[PDB]
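These notes concern the structure reproduced below.
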Amino acid sequence: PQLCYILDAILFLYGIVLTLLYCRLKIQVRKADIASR
Amino acid sequence: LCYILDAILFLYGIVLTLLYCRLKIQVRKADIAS
Amino acid sequence: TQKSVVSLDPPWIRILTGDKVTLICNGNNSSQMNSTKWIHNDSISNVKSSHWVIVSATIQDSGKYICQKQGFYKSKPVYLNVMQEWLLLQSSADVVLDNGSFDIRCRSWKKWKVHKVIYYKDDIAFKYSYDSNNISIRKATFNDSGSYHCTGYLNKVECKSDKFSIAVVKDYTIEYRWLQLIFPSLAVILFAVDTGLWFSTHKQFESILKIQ
Amino acid sequence: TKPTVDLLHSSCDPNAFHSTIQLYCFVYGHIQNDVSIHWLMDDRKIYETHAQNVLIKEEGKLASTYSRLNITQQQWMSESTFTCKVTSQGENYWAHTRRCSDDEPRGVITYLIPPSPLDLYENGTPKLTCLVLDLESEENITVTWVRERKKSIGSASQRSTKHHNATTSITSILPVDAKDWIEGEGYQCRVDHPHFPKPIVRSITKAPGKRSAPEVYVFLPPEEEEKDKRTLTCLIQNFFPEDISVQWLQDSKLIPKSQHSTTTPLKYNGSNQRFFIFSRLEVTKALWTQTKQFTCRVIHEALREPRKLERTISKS
Amino acid sequence: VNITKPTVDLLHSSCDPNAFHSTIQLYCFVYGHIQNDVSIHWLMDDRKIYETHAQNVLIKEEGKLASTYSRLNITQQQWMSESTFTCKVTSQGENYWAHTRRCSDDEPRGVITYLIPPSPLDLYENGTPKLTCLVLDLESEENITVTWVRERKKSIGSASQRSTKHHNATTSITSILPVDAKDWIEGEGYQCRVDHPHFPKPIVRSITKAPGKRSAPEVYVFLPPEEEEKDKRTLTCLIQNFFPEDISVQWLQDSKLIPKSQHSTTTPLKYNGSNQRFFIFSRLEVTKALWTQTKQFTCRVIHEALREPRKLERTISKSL
Amino acid sequence: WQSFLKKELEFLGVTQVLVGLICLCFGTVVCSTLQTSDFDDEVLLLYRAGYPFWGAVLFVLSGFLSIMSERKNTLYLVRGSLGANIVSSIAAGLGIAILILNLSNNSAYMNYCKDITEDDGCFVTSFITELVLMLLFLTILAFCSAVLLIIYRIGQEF
Ligand SMILES: *[C@@H]1O[C@H](CO)[C@@H](O[C@@H]2O[C@H](CO)[C@@H](O[C@@H]3O[C@H](CO)[C@@H](O)[C@H](O)[C@@H]3O)[C@H](O)[C@H]2NC(C)=O)[C@H](O)[C@H]1NC(C)=O
Ligand SMILES: *[C@@H]1O[C@H](CO)[C@@H](O[C@@H]2O[C@H](CO)[C@@H](O[C@@H]3O[C@H](CO)[C@@H](O)[C@H](O)[C@@H]3O)[C@H](O)[C@H]2NC(C)=O)[C@H](O)[C@H]1NC(C)=O
Ligand SMILES: CC(C)CCC[C@@H](C)[C@H]1CC[C@H]2[C@@H]3CC=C4C[C@@H](OC(=O)CCC(=O)O)CC[C@]4(C)[C@H]3CC[C@]12C
Ligand SMILES: *[C@@H]1O[C@H](CO)[C@@H](O[C@@H]2O[C@H](CO)[C@@H](O)[C@H](O)[C@H]2NC(C)=O)[C@H](O)[C@H]1NC(C)=O
Ligand SMILES: *[C@@H]1O[C@H](CO)[C@@H](O)[C@H](O)[C@H]1NC(C)=O
Ligand SMILES: *[C@@H]1O[C@H](CO)[C@@H](O)[C@H](O)[C@H]1NC(C)=O
Ligand SMILES: *[C@@H]1O[C@H](CO)[C@@H](O)[C@H](O)[C@H]1NC(C)=O
Ligand SMILES: *[C@@H]1O[C@H](CO)[C@@H](O)[C@H](O)[C@H]1NC(C)=O
């Protein structure tokens, strides 16, 4: 009930943090590749 | 049902966290080596 | 203060055409004019009294009703069902909580007396009464869930009411739970986005370990 | 002279609005010009009669005439006992009426089942039945039994039954004497409840009409039929009344009534009333060919004593 | 010669619950008719009352005018049913009427609809089956619409409709729908809807062939019994082991059809215990003269579950 | 510290694009799934003030313009993306005010709710409350990113 909803909200926040870190890694790899090219 | 559907997504997020930590050390090692 | 409580007083969620019904908000015996916002069928009606007295119910007067008194919240919506039947099983509720009560009645068309009424639950009769009066089922259990109907005799003619499922539940179904399925769904895009932001991160890294 | 004072009345013509019921007090055999007819309702006067004593006929000293009373409809719907008072030779005579009280108050359907002829003329222990159906519950229903002659009455056996349609039924079975039933004793079942407006009074008697003795014939199983079952047939025809018992036997041993059927009795030829039934007993081929006999006995109240007519079927 | 109309009253005795006869004494009085030119007949809701021997009693004679009455004995529960008892007075070929009911209140007596399937005689022998929807206890004909709907096809035939004004001031509407036979063997479910502006919804009856395992009747015709040397001869047709109970039975005297008034057929009785078979008896009692004139009687039986052309007849003859 | 923020500036606009698209998704599921006449106009102050739509438009637009201004370094994208970040920070501040007012209204509603699952009202109010909570988290993220674009693109011109 309440515990599942709270845990699912923190799962969503985990998804937010993971897509932010993956976007930062994406721009870092793209900047390294556009410096290499 | 929400407990199994959330546990499988915590596992599915742990997988991507391990993949992100695997890529982070490789990017920082390439950054160390020019 | 609290939420509004819209309440019929003839408290029958199923009425026939021409039945006088009155829609009361939070609840007193006073038609407090210009003090209640009435929403019928998700559209704000011009009736602003605390008592919406429908002196003759129309099929158009069915559907959803919400009251909101001045200084109060919007109500839990009640569903009137004005019907056009030879014999109607009136009920005070369609979903009843456990340890709760509900009345049923067997009414015919425009104050015609129903006589020799048999009330059935899932084709099994539980009560016979000549004068069509209240059957007050107090302290409802899961036994009291079922497809209730009633057979009556008209001015001399046997007619059978349409069945009506009255469900007794531990707690009300709250009819919007998939909204809490929005957030795990917005994980299975975002995490899947991560898989894209793994794959297109790996391949561009796979192309950067080859050049050296 | 004793005038014959029967009282008649009009009632609802369905094809008319009919605001007035026409009460009528008829007197026959009274002495000519020696009649005084007055009307009362609930034993109080009506001088508002404007009575029209219409003379019918004269036969020497004797005479016949009648009076008519207009009443409104709600004076009749009140179930008020109207009455006619006749003064003839100074003597007084009374005629009573009211509306026929509702035979199903609160929708309670009361059946007065007569004794079966098997109980009356073979078992010797007849039993009337008052079947009081469509009750809300069996509390405060009192069932009274009324005879004609004797204050002594048998003790009724009352049982109750809640049915599949949640209607309680009360079966009050009164053991009666067969002799008084032959003589024509009248028996009432009066169902009474605190909020019945009036008691349910059902009356029953031995059924009136000319008694015709049944002719009983038994037909063999058909000669084309050499199949696995053989059907035995009993024609019972030209009998009044409808109340008849038919039994089937196997070598003077009684077959149960669930093994043979009997048709609903059908009226025939008019205008004096006669009935016919067919009793049908289906047996197997093995049970038919066991070197035996079957009989069809018929118990009826138009048969000579002991009111049992046997017709025997056998292949030997 | 002028026709003189007589005053026709319809009086009766009432209930005496302290009495024991349980009988209502209806009287129809006729005043002002012509001597030896009156006939009073009795009806109970348009049904003529034959089995009563209703007694006709003369009242008086005033020149060429006369007064008589007729007495009808009815059962208590016949009166309590609120059925109209009608005396029809025929004088000079003119019919005068009086009606009576038990006096009831102003309740609006409801409408009863029966949907009646076609006879097997029309289905499998005449080839012209007709459904009929009988609508009863209408206070008037007006604004009633009787519609017919099928289930599979749309080619609905021209449903005729007639109306009867009964003696009990109720109007009946009998709507005849001619149907095709092969649709009814195949299992078409038809449906009659009766609509009025004062109805909530139409009174709807639905019908089809009776469901169950079909069984051909075997029929046996018995002779008049060997002990019968009387003046009438009874012929029995035992019709056995059939489903459904919808069956048509005719009697044939030398292959000439006998009207249904001269023979009587018992109501179908069920047996075999959920194997669902039925039996009837057709009884034709002829005179001894009509039997001894070397005719040849036949019990023709038309049932659904028979082999084509769905009639199965049995010869019976005196000589053979 | 100027070079410490230019490396992450593209991500610092990608977070605005992300917050805007999740704002748009929350707005379209509230607009489509909910029958908003059933619920109060102060419980639904998020949607009645329209914040997910004009927040989604401005966050997506400002983040996209910041992505292209980082990827092109054009002198017309800069001072064009700076104004987009100014209006994004203004919209995010108004959004933060709207979301605090909606948490206040949701707490005032849930005072008269003995359970989260009494009916549709308390349940939709709780769902809106924690959606306001994780829209407040995203709006704080987008507002901090907008302030960081403002700080970088103003301090560069000093
Ligand atoms: C509720 O169900 C009961 C039982 O199914 C119904 O009782 C039945 O009522 C019928 C007619 O009212 C009775 O038939 C009558 O039988 C008597 C005696 O055999 C006969 O003389 C009459 O001519 C008539 O055919 C039937 O016996 C009776 N069943 C029993 C077991 O007593 C009752 O009518 C139903 N009530 C309602 C409101 O539906
Ligand atoms: C007024 O008088 C009419 C005419 O007699 C009454 O109509 C009759 O009603 C009975 C039952 O209500 C009908 O019997 C039914 O017949 C069908 C067809 O055979 C059968 O399938 C049913 O099971 C039932 O036995 C009868 O046919 C019908 N007579 C006519 C000529 O239509 C009516 O009931 C009377 N109403 C009052 C209030 O007195
Ligand atoms: C309803 C919500 C939960 C879904 C919205 C989230 C994603 C669809 C979007 C939001 C912003 C997007 C990011 C915006 C900008 C970028 C930079 C972009 O850069 C390129 O296009 C690289 C060009 C090249 O490969 O040469 C790569 C995708 C990425 C990380 C996007 C990945 C997908 C993201 C996370
Ligand atoms: C309010 O909504 C109800 C349905 O929830 C409407 O009732 C329907 O009315 C149409 C014709 O108007 C009927 O065909 C339906 O059978 C009715 N449905 C039910 C469930 O009753 C009602 O008309 C609406 N009223 C207004 C004013 O819009
Ligand atoms: C009958 O039922 C109605 C509606 O449920 C209710 O308002 C009323 O109080 C009841 N009365 C009795 C006597 O049960
Ligand atoms: C409810 O129904 C079940 C199943 O028939 C029965 O066992 C149980 O006793 C019922 N409950 C009560 C309170 O009688
Ligand atoms: C009684 O009524 C009839 C018809 O309603 C009328 O002709 C007659 O004059 C009336 N008689 C009296 C005395 O009122
Ligand atoms: C019945 O039909 C007539 C036309 O034949 C119409 O004028 C009338 O309004 C209808 N209704 C009633 C109640 O008469």
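Residues are referred to by chain and number: the chain letter is A, B, ... according to the order shown in the structure tokens, the number counts from 1 in that chain, and ligands are numbered separately from 1 in the order shown.
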
List the neighbours of residue E:33 out to 8 Å using only C-alpha atoms; skip same-chain residues closer than 5 positions along the sequence, and give me the result as a PDB file with C-alpha atoms, in the first residue's frame.
ATOM      1  CA  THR E   4     -90.105  -3.736 -28.179  1.00  0.00           C
ATOM      2  CA  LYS E   5     -86.888  -3.576 -26.179  1.00  0.00           C
ATOM      3  CA  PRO E   6     -87.033  -5.229 -22.745  1.00  0.00           C
ATOM      4  CA  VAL E  38     -87.180 -14.900 -25.268  1.00  0.00           C
ATOM      5  CA  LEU E  65     -95.831  -8.169 -22.782  1.00  0.00           C
ATOM      6  CA  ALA E  66     -94.128 -10.570 -20.406  1.00  0.00           C
ATOM      7  CA  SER E  67     -91.613 -10.710 -17.590  1.00  0.00           C
ATOM      8  CA  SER E  91     -85.834 -11.420 -28.457  1.00  0.00           C
TER       9      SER E  91
END

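Within 8 Å of chain C, and counting only C-alpha atoms, chain A contributes residues 5, 8, 9, 11, 12, 15, 16, 18, 19, 22, 23, 25, 26, 29, 30 and 33 of chain A.
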
Export of the given selection (N, CA and C atoms) as a PDB file, in the first residue's frame:
ATOM      1  N   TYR A   5       4.074   2.368  -2.603  1.00  0.00           N
ATOM      2  CA  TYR A   5       4.051   3.637  -3.325  1.00  0.00           C
ATOM      3  C   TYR A   5       5.289   4.475  -3.021  1.00  0.00           C
ATOM      4  N   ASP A   8       8.162   2.858  -4.783  1.00  0.00           N
ATOM      5  CA  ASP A   8       8.073   3.087  -6.219  1.00  0.00           C
ATOM      6  C   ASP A   8       8.426   4.529  -6.578  1.00  0.00           C
ATOM      7  N   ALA A   9       8.119   5.475  -5.687  1.00  0.00           N
ATOM      8  CA  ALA A   9       8.564   6.853  -5.867  1.00  0.00           C
ATOM      9  C   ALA A   9      10.083   6.965  -5.797  1.00  0.00           C
ATOM     10  N   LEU A  11      12.052   4.540  -6.537  1.00  0.00           N
ATOM     11  CA  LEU A  11      12.468   3.915  -7.790  1.00  0.00           C
ATOM     12  C   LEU A  11      12.446   4.909  -8.945  1.00  0.00           C
ATOM     13  N   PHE A  12      11.418   5.764  -8.993  1.00  0.00           N
ATOM     14  CA  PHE A  12      11.369   6.823 -10.001  1.00  0.00           C
ATOM     15  C   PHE A  12      12.525   7.802  -9.829  1.00  0.00           C
ATOM     16  N   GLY A  15      15.540   6.308 -11.161  1.00  0.00           N
ATOM     17  CA  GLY A  15      15.546   6.467 -12.608  1.00  0.00           C
ATOM     18  C   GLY A  15      15.965   7.855 -13.057  1.00  0.00           C
ATOM     19  N   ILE A  16      15.546   8.889 -12.313  1.00  0.00           N
ATOM     20  CA  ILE A  16      15.939  10.272 -12.607  1.00  0.00           C
ATOM     21  C   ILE A  16      17.447  10.443 -12.477  1.00  0.00           C
ATOM     22  N   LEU A  18      19.750   8.088 -12.526  1.00  0.00           N
ATOM     23  CA  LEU A  18      20.473   7.258 -13.482  1.00  0.00           C
ATOM     24  C   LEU A  18      20.426   7.838 -14.892  1.00  0.00           C
ATOM     25  N   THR A  19      19.293   8.418 -15.307  1.00  0.00           N
ATOM     26  CA  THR A  19      19.286   9.030 -16.633  1.00  0.00           C
ATOM     27  C   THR A  19      20.057  10.346 -16.653  1.00  0.00           C
ATOM     28  N   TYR A  22      23.687   9.110 -16.903  1.00  0.00           N
ATOM     29  CA  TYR A  22      23.922   8.577 -18.238  1.00  0.00           C
ATOM     30  C   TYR A  22      23.950   9.675 -19.294  1.00  0.00           C
ATOM     31  N   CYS A  23      23.166  10.743 -19.117  1.00  0.00           N
ATOM     32  CA  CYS A  23      23.242  11.876 -20.035  1.00  0.00           C
ATOM     33  C   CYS A  23      24.563  12.622 -19.889  1.00  0.00           C
ATOM     34  N   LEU A  25      27.395  11.205 -18.884  1.00  0.00           N
ATOM     35  CA  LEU A  25      28.359  10.308 -19.513  1.00  0.00           C
ATOM     36  C   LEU A  25      28.269  10.379 -21.033  1.00  0.00           C
ATOM     37  N   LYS A  26      27.053  10.543 -21.561  1.00  0.00           N
ATOM     38  CA  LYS A  26      26.856  10.677 -22.998  1.00  0.00           C
ATOM     39  C   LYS A  26      27.504  11.939 -23.544  1.00  0.00           C
ATOM     40  N   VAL A  29      31.383  11.426 -23.440  1.00  0.00           N
ATOM     41  CA  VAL A  29      31.851  10.583 -24.535  1.00  0.00           C
ATOM     42  C   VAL A  29      31.741  11.319 -25.868  1.00  0.00           C
ATOM     43  N   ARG A  30      30.665  12.092 -26.060  1.00  0.00           N
ATOM     44  CA  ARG A  30      30.504  12.847 -27.300  1.00  0.00           C
ATOM     45  C   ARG A  30      31.531  13.967 -27.420  1.00  0.00           C
ATOM     46  N   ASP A  33      34.843  12.255 -28.285  1.00  0.00           N
ATOM     47  CA  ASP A  33      34.817  11.835 -29.680  1.00  0.00           C
ATOM     48  C   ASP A  33      34.899  13.003 -30.654  1.00  0.00           C
TER      49      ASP A  33
END

Quiz item: Contacts of stretch 80-97 of chain C at 6 Å or less, counting only C-alpha atoms, minus same-chain residues fewer than 3 places along, as a list in words?
Solution: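 Skipping anything fewer than 3 positions along the chain leaves residues 11, 12, 13, 14, 15, 16, 17, 59, 62, 63, 100, 102, 103, 104, 105, 106, 107, 108, 109, 149, 161, 166, 167, 168, 169 and 170 of chain C; 200 of chain E.
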
Quiz prompt | Nearby residues, ligand 7, 12 Å, only C-alpha atoms and all ligand atoms, as number ranges by chain | solution = D: 10, 16-24, 47-53, 67-73; E: 9

Write out, as a tab-separated table (two decimals), in the first residue's frame, the residues just selected, with C-alpha atoms.
chain	number	residue	atom	x	y	z
D	10	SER	CA	-76.78	-5.29	-8.70
D	16	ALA	CA	-70.65	1.49	-17.17
D	17	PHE	CA	-69.32	4.01	-14.66
D	18	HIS	CA	-71.91	2.57	-12.24
D	19	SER	CA	-72.08	4.97	-9.31
D	20	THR	CA	-75.13	3.18	-7.82
D	21	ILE	CA	-75.60	-0.37	-6.59
D	22	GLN	CA	-79.27	-1.36	-6.75
D	23	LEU	CA	-80.23	-3.38	-3.69
D	24	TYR	CA	-83.41	-5.43	-4.09
D	47	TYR	CA	-85.97	7.04	5.83
D	48	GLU	CA	-84.21	8.34	2.68
D	49	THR	CA	-85.28	5.21	0.77
D	50	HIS	CA	-87.94	6.77	-1.52
D	51	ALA	CA	-88.94	3.13	-1.82
D	52	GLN	CA	-90.70	1.81	-4.93
D	53	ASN	CA	-92.58	-1.32	-3.86
D	67	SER	CA	-88.35	-3.09	-3.28
D	68	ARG	CA	-85.27	-1.34	-4.66
D	69	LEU	CA	-82.64	0.70	-2.81
D	70	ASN	CA	-80.20	2.96	-4.60
D	71	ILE	CA	-76.88	3.12	-2.77
D	72	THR	CA	-73.63	4.75	-3.78
D	73	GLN	CA	-70.52	2.74	-4.56
E	9	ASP	CA	-81.47	-6.41	-15.04

Exercise. Identify, counting only C-alpha atoms and all ligand atoms, the protein, DNA and RNA residues located within 7 Å of ligand 2, and give them as a PyMOL selection string.
Key: chain E and resi 45-47+82-84+109+112+114+116+134+136-137+166-168+170+172

Quiz item: Which neighbours of residue B:4 fall inside 12 Å, counting only C-alpha atoms, when residues of the same chain fewer than 5 positions from it are skipped, and could you give them as a list in words?
Solution: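 My reading of the contact set: residues 4, 7 and 8 of chain A; 9, 10 and 11 of chain B; 184 of chain C.
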
Practice problem: Would you mind listing what lies within 7 Å of residue D:13 as a VMD selection string, with only C-alpha atoms counted and same-chain residues fewer than 5 positions away left out? | Solution: (chain D and resid 18) or (chain E and resid 99 to 101)
